[PDB]
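Enquirer: My file is protein.txt. It has compact mmCIF, C-alpha atoms and all ligand atoms:
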# COMPACT_ATOMS: atom_id res chain seq x y z
CA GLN P 5 9.82 55.57 67.62
CA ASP P 6 8.52 53.34 64.85
CA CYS P 7 9.38 49.68 64.46
CA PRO P 8 10.02 48.04 61.00
CA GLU P 9 7.33 45.87 59.38
CA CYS P 10 7.66 42.07 59.66
CA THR P 11 8.97 41.22 56.19
CA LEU P 12 11.68 39.15 54.43
CA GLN P 13 15.24 40.19 54.84
CA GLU P 14 18.49 39.31 53.16
CA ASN P 15 20.47 37.14 55.56
CA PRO P 16 23.82 38.70 54.61
CA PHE P 17 25.80 35.73 55.84
CA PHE P 18 24.11 32.83 54.12
CA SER P 19 23.34 34.77 50.99
CA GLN P 20 25.49 34.15 47.92
CA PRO P 21 25.08 36.12 44.69
CA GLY P 22 22.25 34.67 42.62
CA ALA P 23 21.06 32.86 45.72
CA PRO P 24 19.88 35.05 48.62
CA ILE P 25 18.87 33.43 51.89
CA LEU P 26 15.74 35.21 53.04
CA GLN P 27 14.81 35.71 56.68
CA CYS P 28 11.52 36.97 58.18
CA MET P 29 12.40 39.87 60.45
CA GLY P 30 10.25 42.71 61.68
CA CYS P 31 7.86 44.05 64.24
CA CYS P 32 4.56 42.75 65.42
CA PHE P 33 2.11 43.83 68.08
CA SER P 34 2.11 43.02 71.76
CA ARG P 35 0.35 44.42 74.78
CA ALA P 36 0.95 43.79 78.46
CA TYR P 37 -1.64 44.57 81.10
CA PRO P 38 -2.60 43.59 84.69
CA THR P 39 -4.16 40.17 84.41
CA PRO P 40 -7.95 40.25 84.72
CA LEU P 41 -9.52 38.70 87.85
CA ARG P 42 -11.36 36.44 85.41
CA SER P 43 -7.94 35.18 84.26
CA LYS P 44 -6.83 34.88 87.92
CA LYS P 45 -9.60 32.40 88.69
CA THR P 46 -8.49 30.14 85.81
CA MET P 47 -4.73 30.18 86.33
CA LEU P 48 -3.00 27.79 88.75
CA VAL P 49 0.11 29.94 89.05
CA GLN P 50 -1.05 33.50 89.47
CA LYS P 51 1.02 35.87 87.39
CA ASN P 52 0.29 39.55 87.86
CA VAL P 53 0.70 40.67 84.28
CA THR P 54 -0.86 39.15 81.17
CA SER P 55 1.12 39.41 77.98
CA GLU P 56 -0.53 39.27 74.61
CA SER P 57 1.78 39.14 71.55
CA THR P 58 2.72 38.01 68.07
CA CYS P 59 6.27 37.64 66.70
CA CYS P 60 7.81 38.06 63.24
CA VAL P 61 7.62 34.49 61.97
CA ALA P 62 7.85 32.77 58.52
CA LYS P 63 4.45 31.93 57.02
CA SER P 64 6.42 29.68 54.69
CA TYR P 65 10.11 28.69 54.32
CA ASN P 66 12.35 26.21 52.35
CA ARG P 67 14.79 23.82 54.00
CA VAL P 68 17.94 24.41 51.94
CA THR P 69 21.65 23.51 52.48
CA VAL P 70 24.23 26.09 51.54
CA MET P 71 27.92 27.15 51.45
CA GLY P 72 29.02 23.58 51.79
CA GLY P 73 27.46 22.69 55.12
CA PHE P 74 24.84 25.15 56.44
CA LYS P 75 21.51 23.44 56.68
CA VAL P 76 19.43 26.62 56.63
CA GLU P 77 15.92 27.60 55.57
CA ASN P 78 14.59 30.12 53.13
CA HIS P 79 11.85 32.32 54.49
CA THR P 80 9.48 32.81 51.55
CA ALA P 81 6.74 34.78 53.34
CA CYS P 82 6.28 36.55 56.66
CA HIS P 83 3.69 37.31 59.28
CA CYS P 84 2.90 38.27 62.85
CA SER P 85 2.09 35.05 64.57
CA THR P 86 2.74 33.06 67.67
CA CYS P 87 5.73 33.77 69.79
CA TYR P 88 5.88 30.18 71.16
CA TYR P 89 8.01 28.47 73.90
CA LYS D 2 2.93 61.55 63.43
CA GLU D 3 1.95 58.06 64.53
CA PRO D 4 4.63 55.48 63.64
CA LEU D 5 2.23 52.90 62.07
CA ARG D 6 4.10 50.41 64.19
CA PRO D 7 4.73 52.44 67.38
CA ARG D 8 7.31 50.63 69.50
CA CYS D 9 6.47 49.20 72.98
CA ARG D 10 5.24 52.11 75.12
CA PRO D 11 2.84 53.06 77.92
CA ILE D 12 -0.61 53.65 76.48
CA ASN D 13 -3.76 54.75 78.21
CA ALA D 14 -6.41 52.08 78.66
CA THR D 15 -9.19 51.30 81.14
CA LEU D 16 -8.79 48.43 83.62
CA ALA D 17 -11.94 46.80 84.89
CA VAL D 18 -11.66 46.51 88.67
CA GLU D 19 -13.57 43.83 90.52
CA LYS D 20 -13.42 42.03 93.82
CA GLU D 21 -15.68 39.15 94.68
CA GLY D 22 -18.10 40.20 97.37
CA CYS D 23 -18.52 43.64 95.91
CA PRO D 24 -21.39 44.11 93.40
CA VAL D 25 -19.81 46.70 91.14
CA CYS D 26 -16.97 46.47 88.64
CA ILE D 27 -15.31 49.88 88.46
CA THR D 28 -13.47 50.58 85.23
CA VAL D 29 -10.47 52.69 86.16
CA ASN D 30 -8.10 54.51 83.87
CA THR D 31 -4.44 53.68 83.78
CA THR D 32 -1.56 52.96 81.47
CA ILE D 33 -0.96 49.53 80.02
CA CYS D 34 1.99 48.54 77.74
CA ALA D 35 1.41 48.26 74.00
CA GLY D 36 3.29 48.61 70.79
CA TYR D 37 5.70 46.80 68.56
CA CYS D 38 8.90 44.93 69.20
CA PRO D 39 11.51 43.85 66.70
CA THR D 40 11.72 40.05 66.58
CA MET D 41 13.08 37.41 64.19
CA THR D 42 13.37 33.64 63.96
CA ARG D 43 16.73 31.99 63.18
CA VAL D 44 17.15 30.90 59.60
CA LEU D 45 20.19 28.78 60.62
CA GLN D 46 19.14 25.23 61.54
CA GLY D 47 20.54 23.36 64.56
CA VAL D 48 21.10 26.18 67.08
CA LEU D 49 20.47 26.09 70.83
CA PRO D 50 18.91 27.30 72.95
CA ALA D 51 15.88 28.50 71.02
CA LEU D 52 16.24 32.26 70.57
CA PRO D 53 13.24 33.42 72.62
CA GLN D 54 10.94 36.16 71.43
CA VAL D 55 11.06 39.56 73.11
CA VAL D 56 7.61 41.06 73.87
CA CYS D 57 6.07 44.43 74.91
CA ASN D 58 6.33 44.60 78.64
CA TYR D 59 6.32 46.72 81.77
CA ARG D 60 9.42 48.53 83.02
CA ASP D 61 8.69 50.78 86.04
CA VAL D 62 5.28 50.09 87.56
CA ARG D 63 3.65 52.37 90.09
CA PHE D 64 0.45 51.39 91.85
CA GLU D 65 -2.77 53.20 92.52
CA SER D 66 -5.99 51.95 94.08
CA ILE D 67 -9.66 52.62 94.33
CA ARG D 68 -12.40 51.67 96.72
CA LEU D 69 -15.15 49.71 95.07
CA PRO D 70 -18.74 50.80 95.71
CA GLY D 71 -21.34 48.69 97.50
CA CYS D 72 -19.06 46.14 99.13
CA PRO D 73 -20.60 44.42 102.24
CA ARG D 74 -19.68 44.37 105.91
CA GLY D 75 -16.06 43.38 106.56
CA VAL D 76 -14.98 43.05 102.88
CA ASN D 77 -11.96 45.18 102.03
CA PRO D 78 -13.04 47.58 99.26
CA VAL D 79 -9.71 49.02 98.15
CA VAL D 80 -8.43 47.22 95.08
CA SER D 81 -5.17 48.41 93.59
CA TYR D 82 -4.26 48.46 89.89
CA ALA D 83 -0.92 48.96 88.16
CA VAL D 84 0.20 52.03 86.26
CA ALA D 85 2.87 51.63 83.57
CA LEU D 86 5.49 54.30 84.10
CA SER D 87 7.43 52.78 81.23
CA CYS D 88 7.39 49.85 78.88
CA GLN D 89 10.02 47.85 77.06
CA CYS D 90 10.50 44.94 74.65
CA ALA D 91 11.74 42.01 76.67
CA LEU D 92 11.43 38.32 77.40
CA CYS D 93 7.95 37.45 78.42
CA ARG D 94 9.05 36.14 81.77
CA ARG D 95 6.89 33.04 82.24
CA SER D 96 7.48 32.82 86.00
CA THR D 97 5.88 36.21 86.38
CA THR D 98 3.85 36.92 83.24
CA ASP D 99 1.14 34.90 81.61
CA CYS D 100 2.74 34.69 78.17
CA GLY D 101 0.24 34.10 75.43
CA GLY D 102 -1.15 35.87 72.45
CA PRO D 103 -4.04 38.02 71.27
CA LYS D 104 -7.34 37.99 73.11
CA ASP D 105 -10.48 39.90 72.11
CA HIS D 106 -10.17 43.04 74.26
CA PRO D 107 -9.55 41.62 77.85
CA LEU D 108 -9.76 44.66 80.17
CA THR D 109 -13.55 45.03 80.14
CA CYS D 110 -15.81 44.30 83.06
CA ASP D 111 -16.50 40.59 83.48
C1 LIG P 201 15.75 31.76 48.69
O1 LIG P 201 14.39 32.05 48.32
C2 LIG P 201 14.29 33.09 47.33
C3 LIG P 201 12.82 33.30 47.08
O2 LIG P 201 12.13 32.05 47.11
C4 LIG P 201 15.04 32.67 46.07
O3 LIG P 201 14.97 33.70 45.10
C5 LIG P 201 16.50 32.41 46.41
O4 LIG P 201 17.22 32.01 45.25
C6 LIG P 201 16.55 31.31 47.46
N1 LIG P 201 17.92 31.02 47.83
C7 LIG P 201 18.39 29.78 47.98
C8 LIG P 201 19.85 29.72 48.40
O5 LIG P 201 17.72 28.78 47.76
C1 LIG P 202 4.15 42.39 88.49
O1 LIG P 202 4.65 41.63 89.59
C2 LIG P 202 6.01 41.96 89.95
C3 LIG P 202 6.34 41.09 91.17
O2 LIG P 202 5.39 41.28 92.23
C4 LIG P 202 6.12 43.46 90.27
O3 LIG P 202 7.47 43.81 90.54
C5 LIG P 202 5.61 44.28 89.09
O4 LIG P 202 5.66 45.66 89.39
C6 LIG P 202 4.19 43.88 88.81
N1 LIG P 202 3.70 44.62 87.67
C7 LIG P 202 2.41 44.86 87.46
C8 LIG P 202 2.12 45.63 86.18
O5 LIG P 202 1.54 44.50 88.24
Rewrite the structure from the file as structure tokens, please.
Expert:
Amino acid sequence: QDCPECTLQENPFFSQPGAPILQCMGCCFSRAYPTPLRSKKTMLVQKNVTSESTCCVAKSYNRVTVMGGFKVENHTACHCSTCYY
Amino acid sequence: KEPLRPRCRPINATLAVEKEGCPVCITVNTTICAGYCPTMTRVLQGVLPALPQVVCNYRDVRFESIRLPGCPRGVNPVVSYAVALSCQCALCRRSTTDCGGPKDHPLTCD
């Protein structure tokens, strides 16, 4: 199949007419392969597979409160970047 | 055609095979996992835990092996590599996978 480009989306639950709350959502690239021996001699905890990725993340956003409470943020631009943790 | 952003799937690639003791790195052919996964950060502030990012990963691995040339006396020369029967978007399981990001083409001899 094909996966949808990382791009801004209308958060349909925080979006009010005249004021849409935008959310970066999409697909980015990732590969998983048997970890190189090179890698194996640098790691303390050996892990058999090495994962390389990027996740759909906001290049820029705006902290914004909405619908009374909801402290939310407005994704203004997207990109394939770190998946972090 | 070719999706543009083909979702996580087995792809053919060449794994460099090496074993210390043996002089020659054999580059075998196998299937690795590569493609695209749908992901998206929360816009809503103050949620827990942190919604973790899914990643292209193995699902169904079968193993094959080769015997490296020129190894010495009692060195074992049969190194086995993985073959991706299937792939899938899933949590990069840190206990078992080295979860990171892009590297300049990593499966070459070295
Ligand atoms: C969210 O950002 C978009 C683009 O910057 C803007 O048009 C929209 O009005 C913003 N919504 C809120 C609730 O601030
Ligand atoms: C990774 O290691 C796990 C645990 O030994 C195993 O089940 C899995 O098949 C291995 N996958 C690869 C690609 O080596």
Enquirer: Looking at all atoms listed in the file, which of P:56, P:46, P:24, P:17 is the one that sits closest to chain D?
Expert: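 Nearest to chain D: P:56.
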Enquirer: Compile a residue-level contact table for chain D against chain P at a cut-off of 6 Å, reporting for every qualifying residue the shortest atom pair and its distance in Å to one decimal, with only C-alpha atoms counted, rows ordered by chain and ascending number, as JSON lines.
Expert:
{"residue": "D:4", "atom": "CA", "partner": "P:6", "partner_atom": "CA", "distance": 4.6}
{"residue": "D:6", "atom": "CA", "partner": "P:7", "partner_atom": "CA", "distance": 5.3}
{"residue": "D:7", "atom": "CA", "partner": "P:6", "partner_atom": "CA", "distance": 4.6}
{"residue": "D:8", "atom": "CA", "partner": "P:6", "partner_atom": "CA", "distance": 5.5}
{"residue": "D:33", "atom": "CA", "partner": "P:37", "partner_atom": "CA", "distance": 5.1}
{"residue": "D:34", "atom": "CA", "partner": "P:36", "partner_atom": "CA", "distance": 4.9}
{"residue": "D:35", "atom": "CA", "partner": "P:35", "partner_atom": "CA", "distance": 4.1}
{"residue": "D:36", "atom": "CA", "partner": "P:33", "partner_atom": "CA", "distance": 5.6}
{"residue": "D:37", "atom": "CA", "partner": "P:33", "partner_atom": "CA", "distance": 4.7}
{"residue": "D:38", "atom": "CA", "partner": "P:31", "partner_atom": "CA", "distance": 5.1}
{"residue": "D:39", "atom": "CA", "partner": "P:31", "partner_atom": "CA", "distance": 4.4}
{"residue": "D:40", "atom": "CA", "partner": "P:60", "partner_atom": "CA", "distance": 5.5}
{"residue": "D:41", "atom": "CA", "partner": "P:29", "partner_atom": "CA", "distance": 4.5}
{"residue": "D:44", "atom": "CA", "partner": "P:77", "partner_atom": "CA", "distance": 5.4}
{"residue": "D:45", "atom": "CA", "partner": "P:76", "partner_atom": "CA", "distance": 4.6}
{"residue": "D:46", "atom": "CA", "partner": "P:76", "partner_atom": "CA", "distance": 5.1}
{"residue": "D:54", "atom": "CA", "partner": "P:87", "partner_atom": "CA", "distance": 6.0}
{"residue": "D:57", "atom": "CA", "partner": "P:34", "partner_atom": "CA", "distance": 5.3}
{"residue": "D:58", "atom": "CA", "partner": "P:36", "partner_atom": "CA", "distance": 5.4}
{"residue": "D:97", "atom": "CA", "partner": "P:51", "partner_atom": "CA", "distance": 5.0}
{"residue": "D:98", "atom": "CA", "partner": "P:53", "partner_atom": "CA", "distance": 5.0}
{"residue": "D:99", "atom": "CA", "partner": "P:54", "partner_atom": "CA", "distance": 4.7}
{"residue": "D:100", "atom": "CA", "partner": "P:55", "partner_atom": "CA", "distance": 5.0}
{"residue": "D:101", "atom": "CA", "partner": "P:56", "partner_atom": "CA", "distance": 5.3}
{"residue": "D:102", "atom": "CA", "partner": "P:56", "partner_atom": "CA", "distance": 4.1}
{"residue": "D:103", "atom": "CA", "partner": "P:56", "partner_atom": "CA", "distance": 5.0}
Enquirer: Could you please take those selected residues and save C-alpha atoms as a tab-separated table (two decimals), keeping the file's coordinate frame?
Expert:
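Output file again17.tsv follows:
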chain	number	residue	atom	x	y	z
D	4	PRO	CA	4.63	55.48	63.64
D	6	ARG	CA	4.10	50.41	64.19
D	7	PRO	CA	4.73	52.44	67.38
D	8	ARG	CA	7.31	50.63	69.50
D	33	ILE	CA	-0.96	49.53	80.02
D	34	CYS	CA	1.99	48.54	77.74
D	35	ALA	CA	1.41	48.26	74.00
D	36	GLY	CA	3.29	48.61	70.79
D	37	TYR	CA	5.70	46.80	68.56
D	38	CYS	CA	8.90	44.93	69.20
D	39	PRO	CA	11.51	43.85	66.70
D	40	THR	CA	11.72	40.05	66.58
D	41	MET	CA	13.08	37.41	64.19
D	44	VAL	CA	17.15	30.90	59.60
D	45	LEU	CA	20.19	28.78	60.62
D	46	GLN	CA	19.14	25.23	61.54
D	54	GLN	CA	10.94	36.16	71.43
D	57	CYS	CA	6.07	44.43	74.91
D	58	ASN	CA	6.33	44.60	78.64
D	97	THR	CA	5.88	36.21	86.38
D	98	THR	CA	3.85	36.92	83.24
D	99	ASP	CA	1.14	34.90	81.61
D	100	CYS	CA	2.74	34.69	78.17
D	101	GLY	CA	0.24	34.10	75.43
D	102	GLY	CA	-1.15	35.87	72.45
D	103	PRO	CA	-4.04	38.02	71.27
Enquirer: If you measure from atom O1 of ligand LIG 202 (chain P) to CA of residue 44 in chain P, what distance in Å do you get, rounded to one decimal?
Expert: 13.4 Å
Enquirer: Compile the contact shell of residue 82 in chain D as a PDB file with C-alpha atoms, in the frame of the given file: residues with an atom at most 8 Å away, counting only C-alpha atoms, same-chain residues fewer than 6 positions apart removed.
Expert:
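Wrote around.pdb, looks like this:
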ATOM      1  CA  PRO P  38      -2.600  43.590  84.690  1.00  0.00           C
TER       2      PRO P  38
ATOM      3  CA  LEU D  16      -8.790  48.430  83.620  1.00  0.00           C
ATOM      4  CA  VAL D  18     -11.660  46.510  88.670  1.00  0.00           C
ATOM      5  CA  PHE D  64       0.450  51.390  91.850  1.00  0.00           C
ATOM      6  CA  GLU D  65      -2.770  53.200  92.520  1.00  0.00           C
ATOM      7  CA  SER D  66      -5.990  51.950  94.080  1.00  0.00           C
TER       8      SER D  66
END
Enquirer: Which residue, D:89, D:106, D:5, D:28, has the smallest gap to residue 61 in chain D when you use all atoms listed in the file?
Expert: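 Selected residue with least distance to residue 61 in chain D: D:89.
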Enquirer: Please measure the separation of atom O4 of ligand LIG 202 (chain P) and CA of residue 83 in chain D, giving the value in Å to one decimal.
Expert: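 Interatomic distance here is 7.5 Å.
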Enquirer: Pick the closest to ligand LIG 201 (chain P) from P:63, P:48, P:73, P:20: which is it, counting only C-alpha atoms and all ligand atoms?
Expert: P:20
Enquirer: Of the residues P:82, P:70, P:64, P:45, which is the one nearest to ligand LIG 201 (chain P), using only C-alpha atoms and all ligand atoms?
Expert: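 Among the listed residues, P:70 lies closest to ligand LIG 201 (chain P).
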Enquirer: Report the distance between CA of residue 88 in chain D and CA of residue 62 in chain D in Å, rounded to one decimal place.
Expert: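 So the answer is 8.9 Å.
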Enquirer: Quick one: 6 Å padding each side, axis-aligned, all listed atoms of range 49-58 of chain P - centre and edge lengths in Å to one decimal, as JSON?
Expert:
{"center_x": 0.8, "center_y": 35.3, "center_z": 78.8, "size_x": 15.8, "size_y": 22.7, "size_z": 33.4}
Enquirer: Have a look at D:48, D:78, D:84, D:17 and name the one nearest to residue 109 in chain D; count all atoms listed in the file.
Expert: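 Using all atoms listed in the file, residue 109 in chain D sits closest to D:17.
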Enquirer: Excluding residue 15 in chain D and residues on its chain fewer than 4 positions from it, collect all residues at most 10 Å away from it, counting only C-alpha atoms, and give them as a PyMOL selection string.
Expert: chain D and resi 27-33+108-110
Enquirer: Given the point (-7.6, 44.1, 99.3) in the coordinates of this file, which residues lie within 10 Å, counting all atoms listed in the file, and how would they look as a list in words?
Expert: residues 20, 66, 68, 76, 77, 78, 79, 80 and 81 of chain D
